[PDB]
Amino acid sequence: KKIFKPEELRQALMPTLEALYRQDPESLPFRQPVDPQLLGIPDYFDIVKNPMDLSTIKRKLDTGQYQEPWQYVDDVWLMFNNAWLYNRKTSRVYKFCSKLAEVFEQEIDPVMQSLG
Ligand SMILES: COc1ccc(CCc2nc3cc(-c4c(C)noc4C)ccc3n2C[C@H](C)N2CCOCC2)cc1Cl
């Protein structure tokens with residue numbers, strides 16, 4: 001089995017996360033964990049059982065919590081799927097999520113080819 005080192009993953013994958021952060025306005029709702037109290041949405045954690053956001057993914061890369069690139073991809077997709085599940089299709093957050101998914105798809109593919 002291919003063994004990936006933490007810094008190899010950070011060097012390869014952090015730029016793809018940065019590409020998401022660079023999207024403005026689209027990344028703005030994703031830069032910190034959803035706070036249902038601040039946002040007045042007490043149903044949030046009833047619907048979203050496994051929250052995820054850019055800051056959490058960044059911390060996981062920085063602290064070596066991914067063994068394999070697919071685990072990073074899964075967390076990015078968890079973030080997207082949570083947002084598409086919770087938010088209405090007409091909402092800013094939903095449409096912003098869709099743009100981030102486009103950007104991520106584009107950025108991640110050449111990187112995955114390089115890591116194989
Ligand atoms: C720039 O875009 C916005 C600005 C304000 C709002 C309303 C408030 C809001 N509505 C938000 C909704 C979410 C959210 C996500 C993500 N998934 O479910 C929910 C609910 C997360 C954060 C949200 N936030 C916080 C926003 C983004 N601020 C963070 C600080 O800097 C920019 C302004 C929504 C948006 Cl999309």
# chains A, B, ... in the order shown; residues from 1 in each chain; ligands from 1
call {"tool": "residues_around", "arguments": {"residues": "residue 18 (chain A)", "least_positions_apart": "6", "cutoff": "12 Å", "atoms": "only C-alpha atoms", "output": "list in words"}}
result
residues 10, 11, 12, 24, 27, 31, 54, 55, 57, 58, 100, 103, 104, 107 and 108 of chain A
call {"tool": "closest_atom_pairs", "arguments": {"of": "chain A", "to": "ligand 1", "cutoff": "10 Å", "atoms": "only C-alpha atoms and all ligand atoms", "output": "CSV"}}
result
residue,atom,partner,partner_atom_place_in_ligand_line,distance
A:24,CA,ligand 1,1 (C),7.7
A:25,CA,ligand 1,1 (C),5.1
A:26,CA,ligand 1,2 (O),6.9
A:27,CA,ligand 1,1 (C),7.9
A:28,CA,ligand 1,27 (C),4.9
A:29,CA,ligand 1,27 (C),3.6
A:30,CA,ligand 1,16 (C),4.9
A:31,CA,ligand 1,29 (C),7.6
A:32,CA,ligand 1,22 (C),7.5
A:33,CA,ligand 1,21 (C),7.3
A:34,CA,ligand 1,21 (C),5.0
A:35,CA,ligand 1,21 (C),7.4
A:36,CA,ligand 1,20 (C),7.3
A:38,CA,ligand 1,25 (C),8.7
A:39,CA,ligand 1,10 (N),6.4
A:40,CA,ligand 1,20 (C),9.0
A:41,CA,ligand 1,20 (C),7.1
A:43,CA,ligand 1,20 (C),9.8
A:44,CA,ligand 1,20 (C),7.2
A:48,CA,ligand 1,18 (O),8.8
A:51,CA,ligand 1,17 (N),9.0
A:52,CA,ligand 1,16 (C),8.9
A:53,CA,ligand 1,16 (C),7.5
A:54,CA,ligand 1,16 (C),9.8
A:79,CA,ligand 1,16 (C),8.0
A:80,CA,ligand 1,16 (C),8.5
A:81,CA,ligand 1,17 (N),9.6
A:82,CA,ligand 1,17 (N),6.8
A:83,CA,ligand 1,17 (N),4.5
A:84,CA,ligand 1,17 (N),7.9
A:85,CA,ligand 1,18 (O),8.6
A:86,CA,ligand 1,18 (O),5.8
A:87,CA,ligand 1,18 (O),5.8
A:88,CA,ligand 1,18 (O),9.4
A:91,CA,ligand 1,36 (Cl),7.6
A:92,CA,ligand 1,36 (Cl),4.6
A:93,CA,ligand 1,36 (Cl),4.6
A:94,CA,ligand 1,17 (N),7.9
A:95,CA,ligand 1,36 (Cl),8.6
A:96,CA,ligand 1,36 (Cl),7.1
A:97,CA,ligand 1,16 (C),7.9
call {"tool": "atom_distance", "arguments": {"atom1": "CA of residue 49 (chain A)", "atom2": "CA of residue 37 (chain A)"}}
result
16.0 Å
call {"tool": "residues_around", "arguments": {"residues": "residue 109 (chain A)", "least_positions_apart": "2", "cutoff": "12 Å", "atoms": "only C-alpha atoms", "output": "list in words"}}
result
residues 12, 13, 16, 69, 70, 73, 102, 103, 104, 105, 106, 107, 111, 112, 113, 114, 115 and 116 of chain A
call {"tool": "residues_around", "arguments": {"residues": "residue 5 (chain A)", "least_positions_apart": "2", "cutoff": "10 Å", "atoms": "only C-alpha atoms", "output": "PyMOL selection string"}}
result
chain A and resi 2-3+7-10+64+66-68
call {"tool": "atom_distance", "arguments": {"atom1": "CA of residue 98 (chain A)", "atom2": "CA of residue 45 (chain A)"}}
result
21.4 Å
call {"tool": "atom_distance", "arguments": {"atom1": "CA of residue 61 (chain A)", "atom2": "CA of residue 23 (chain A)"}}
result
19.8 Å
